[PDB]
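Overview (structure and organization)
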Number of protein chains: 4
Amino acid sequence: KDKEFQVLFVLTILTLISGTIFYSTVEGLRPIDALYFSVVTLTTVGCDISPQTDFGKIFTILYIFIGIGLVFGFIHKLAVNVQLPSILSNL
Amino acid sequence: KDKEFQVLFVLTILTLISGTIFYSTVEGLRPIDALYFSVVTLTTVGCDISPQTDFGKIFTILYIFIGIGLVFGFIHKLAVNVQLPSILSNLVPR
Amino acid sequence: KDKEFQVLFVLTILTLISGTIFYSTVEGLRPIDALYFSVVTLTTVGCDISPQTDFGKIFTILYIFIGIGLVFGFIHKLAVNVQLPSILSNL
Amino acid sequence: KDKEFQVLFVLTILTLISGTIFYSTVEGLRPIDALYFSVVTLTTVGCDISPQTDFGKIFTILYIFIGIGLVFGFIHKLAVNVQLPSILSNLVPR
Ligand SMILES: [Cl-]
Ligand SMILES: [Cl-]
Ligand SMILES: [Cl-]
Ligand SMILES: [Cl-]
Ligand SMILES: [K+]
Ligand SMILES: [K+]
Ligand SMILES: [K+]
Ligand SMILES: [K+]
């Protein structure tokens, strides 16, 4: 497998783990909700809640700038790998 | 004409069918609401609601990562291969 | 002025007018709220409401695919024009 | 080093200051909440709230169109000029 894809995967996972830890401890979310919030924030889908604490709001601002580029780089490389078998079967 | 476009089109349709079936079954949404939720999620517009079940939350996370790349790949091919040539042709004085 | 920018502007305005007309009449929104909903939908910011009618939900799905590419093309060209005087003053 | 980056950085800071001042004044938000609202709007994440005043709604529409291009231009330059070289340097065996 492509090292470039593997590194993007690792960076993404590490970034989502850090968010899950932060929001589950600081904002009192269940782990699955902390992970969900991290994911929909960094992919810009968003959701129906926001952090309650000032610490949480500051973290989220920085989290977005730290992570959005990484996540969308991963989504793009993932898309190439997911769609390529179908392209190659059709070509 | 463009086989990458054809693939991205079919994959996008299949993805939206899968979301419509999932969210109507697991989250109890009307089929039209399940399709709406799938579309606004994968285009990253977002929705006034969120999944209520843990199954729905886990599925949505995976659906987001796989689906955004496909849907926006389709949107780009649509813009380049259909909308842009249509706009250009519609600006020609005749 | 660049014709490419002028056409993107016109297309964007026409698309937002169509959304404002639709959501103000079909979904019963005030004009400013119908315009706001159209804008945050096509730029993918989103907001705290969704269409109530099935007609509205179908329109919004199609609206997104019809308009998202146009709007982001305009946002990009706008950004070039807005930032260029500052770049040229700094270079 | 990269003067386009410097411009996009300063313009992004000025934009977020303007939003923080606007939403705290016109919409009554705490400064920290006004900054948060400005950031999630211009990165297109979105927020659980929306402007309540018609002034806030009109401003936000204009803020979105001007601000998204600047903020995401900054994000791209940040990725290419800072984060990517930092990642590459941090992967070198030493
Ligand atoms: Cl959990
Ligand atoms: Cl239905
Ligand atoms: Cl009005
Ligand atoms: Cl404050
Ligand atoms: K949203
Ligand atoms: K978005
Ligand atoms: K959003
Ligand atoms: K929302």
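1. Considerations on the overall build of chain A
Check the secondary structure of chain A and you find 3 helices and 0 strands. Helices and strands in chain A line up, N terminus first, as α-α-α. Computed over its C-alpha atoms, the radius of gyration of chain A comes to 15 Å, more than 25% above the 12 Å expected for a compact globule of 91 residues. A principal-axis box enclosing the C-alpha atoms of chain A has dimensions of 55 × 25 × 20 Å. Long-range pairs, those at least 24 residues apart, make up 59% of the contacts in chain A between residues at least 6 apart in sequence. Total accessible area on chain A stands at roughly 4,300 Å², and carbon and sulfur atoms take up 69% of it. Computed over 5 positive and 6 negative side-chain charges, the inter-centroid distance for chain A is 9 Å.

2. Remarks on the interface of chain B and chain A
As a measure of interface size, the accessible area lost when the parts come together is often cited. Between chain B and chain A, the residue contacts involve 24 residues of the former and 25 residues of the latter. Surface buried jointly by chain B and chain A totals about 2,000 Å² across both partners, of which 73% is contributed by carbon and sulfur atoms. Area buried by chain B at its contact with chain A is led by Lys57, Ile61 and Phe65 of chain B, which between them contribute 28% of it. Along the contact surface separating chain B from chain A lie 2 salt bridges. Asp54 of chain B is the salt-bridge partner of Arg30 of chain A, the closest N and O atoms lying 2.7 Å from each other. Here chain B and chain A share 3 residue pairs in polar contact between them. Where the side of chain B that touches chain A is concerned, the elements lending two or more residues are α1 (3-26) and α3 (54-90) of chain B. Here the element with the most residues in the side of chain B that touches chain A is α3 of chain B; it accounts for 11 residues.

3. As for the interface of chain B and chain C
On the side of chain C, 20 residues touch chain B, which itself brings 19 residues to the contact. Summed over both partners, the interface of chain B with chain C buries about 1,600 Å², with 72% contributed by carbon and sulfur atoms. The three residues of chain B that bury the most area against chain C are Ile32, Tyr36 and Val45 of chain B, which together make up 35% of that side's buried surface. In this assembly, chain B and chain C are joined by 2 salt bridges. Residue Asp33 of chain B is joined to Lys57 of chain C by a salt bridge in which the shortest nitrogen-to-oxygen separation is 2.6 Å.

4. Points about the UniProt feature "transmembrane region" (unreviewed entry) in chain B
When the UniProt feature table is mapped to this numbering, "transmembrane region" (unreviewed entry) covers residues 7-26 and 55-75 of chain B. Each end of residues 55-75 of chain B is marked by a C-alpha atom, and these two atoms are 28 Å apart; helix forms 100% of the span and strand 0%.

5. Examining empty space enclosed by the protein
One pass over the structure, following the stated rule, counts 4 cavities of 30 Å³ or more. Here the largest cavity is characterised by a volume of approximately 70 Å³. What lines the largest cavity is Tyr36, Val45, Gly46, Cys47 and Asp48 of chain B together with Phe37, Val40, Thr41, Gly46, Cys47, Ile49 and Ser50 of chain C. Here the lining of the largest cavity gets 3 residues from one element, more than from any other, and that element is helix α2 (residues 31-42) of chain C.

6. Digging into the layout of surface pockets
What the largest pocket holds in volume is close to 1,400 Å³. Along its surface, the largest pocket is lined by 42 residues, and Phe72 of chain A, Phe72 and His76 of chain B, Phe72 of chain C together with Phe72 of chain D are the ones closest to its centre. Of all the elements in the fold, those that place two or more residues in the lining of the largest pocket are α3 (54-90) of chain A, α1 and α3 of chain B, α3 (54-90) of chain C together with α1 (3-26) and α3 (54-90) of chain D. When residues in the lining of the largest pocket are grouped by element, the largest group, 10 residues, is from α3 of chain C. A breakdown of the residues in the lining of the largest pocket according to their chemical character gives 21 nonpolar, 17 polar and 4 charged.

7. Details of α1 of chain B
Under the 1.5 Å per step criterion, the end-to-end length of α1 of chain B is 34 Å for 24 residues, consistent within 8% with the ideal 34 Å. Turning to α1 of chain B, its buried residues are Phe5, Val7, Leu8, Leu11, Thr12, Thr15, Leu16, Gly19, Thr20, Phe22 and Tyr23 of chain B. Where α1 of chain B is buried, its residues touch α3 of chain A together with α2 (31-42) and α3 of chain B. Just downstream of α1 of chain B, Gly28 of chain B is the residue with a positive phi angle, here 75°.

8. Things to note about the packing of helix α1 (residues 3-25) of chain A against α3 of chain A
Residue and element names in this part refer to chain A. Between α1 and α3, whose axes approach to 9 Å, the crossing angle comes to 150°. As summarised for this structure, α1 and α3 are arranged roughly antiparallel, according to the angle between their axes. Remark: the crossing between α1 and α3 carries left-handed chirality. Residues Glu4, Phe5, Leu8, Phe9, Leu11, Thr12, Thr15, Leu16, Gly19, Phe22 and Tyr23 of α1 pack against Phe55, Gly56, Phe59, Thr60, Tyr63, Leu70, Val71, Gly73, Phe74, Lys77, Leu78 and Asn81 of α3. When grouped by side-chain class, the residues that make up the contact of α1 with α3 number 14 nonpolar, 7 polar and 2 charged.

9. Section: the coordination of the potassium ion (ligand 7)
Of the protein atoms, only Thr44 of chain A (O), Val45 of chain A (O), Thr44 of chain B (O), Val45 of chain B (O), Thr44 of chain C (O), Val45 of chain C (O), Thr44 of chain D (O) and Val45 of chain D (O) coordinate the potassium ion (ligand 7), at distances of 2.8 to 3.0 Å. Separating the potassium ion (ligand 7) from the potassium ion (ligand 5) is a gap of 3.2 Å. With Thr44 of chain A in the loop between α2 (31-42) and α3 and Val45 of chain D in the loop between α2 (31-42) and α3, the pair connects residues from two separate chains. Here the two residues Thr44 of chain A and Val45 of chain D agree in accessibility, since each one is buried.

10. Looking at a nonpolar patch on the surface
Residue and element names in this part refer to chain A. Among the surface-exposed residues, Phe9, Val10, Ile13, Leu14, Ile17 and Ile21 lie close enough to one another that they form a single nonpolar patch of about 510 Å² accessible area. Its place among the elements puts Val10 in helix α1. For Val10, a relative accessible area of 43% corresponds to the partly exposed category.

11. Observations concerning the pattern of salt bridges
Under the definition given, this model contains 18 salt bridges over all chains. For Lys77 of chain A, the salt bridge goes to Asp2 of chain A, with nearest N and O atoms at 2.8 Å. Of this pair, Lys77 of chain A sits in helix α3 while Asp2 of chain A sits in the segment before α1, and the two are 75 residues apart along the sequence. The structure contains a network of salt bridges with shared partners spanning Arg30 and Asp33 of chain A together with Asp54 and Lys57 of chain B.

About the cut-offs
Residues numbered from 1 in each chain as written, not as in the entry; some residues may be left out. Chains lettered and ligands numbered in written order. Heavy atoms only, no water. Helix = DSSP H or I, 4+ residues; strand = E, 2+ residues; numbered from the N terminus. Rg over C-alpha atoms; globule rule 2.2 N^0.38 Å. Contact = heavy atoms within 4.5 Å. Areas by Shrake-Rupley, 256 points an atom, 1.4 Å probe, with all protein chains shown as cover. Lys, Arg positive; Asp, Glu negative; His and termini not counted. Charge placed at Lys NZ, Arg CZ, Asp CG, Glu CD. Buried area = accessible area lost by both parts, 1.4 Å probe. Salt bridge = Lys/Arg side-chain N within 4 Å of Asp/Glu carboxyl O. Polar contact = N/O pair within 3.5 Å; in protein donor to acceptor, adjacent residues only side chain to side chain. UniProt positions renumbered as here; feature names shortened; annotations may be inferred. 1 Å grid on protein atoms, 1.4 Å probe; cavity = no way out; pocket = protein on both sides within 12 Å on 5 of 7 lines; lining within 4 Å. Points joined across faces, edges and corners; volume = space filled by probe spheres on them. Nonpolar A, V, L, I, M, F, W, Y, C, P; charged D, E, K, R; others polar. Expected span 1.5 Å × (residues − 1). Buried < 20%, exposed > 50% of the residue type's maximum accessible area, 1.4 Å probe, protein only. Axes fitted to C-alpha atoms, helices over the stretch in contact; angles between N-to-C directions. Parallel < 35°, antiparallel > 145°, perpendicular 65-115°, else oblique. Left-handed = near helix turned anticlockwise from the far one by under 90°. Donors = N, O, S within 2.8 Å, 3.2 Å for Na, K, Ca; no water. Patch = residues over 30% accessible without salt bridge, like charges linked within 9 Å, V, L, I, M, F, W, Y side chains within 5 Å.

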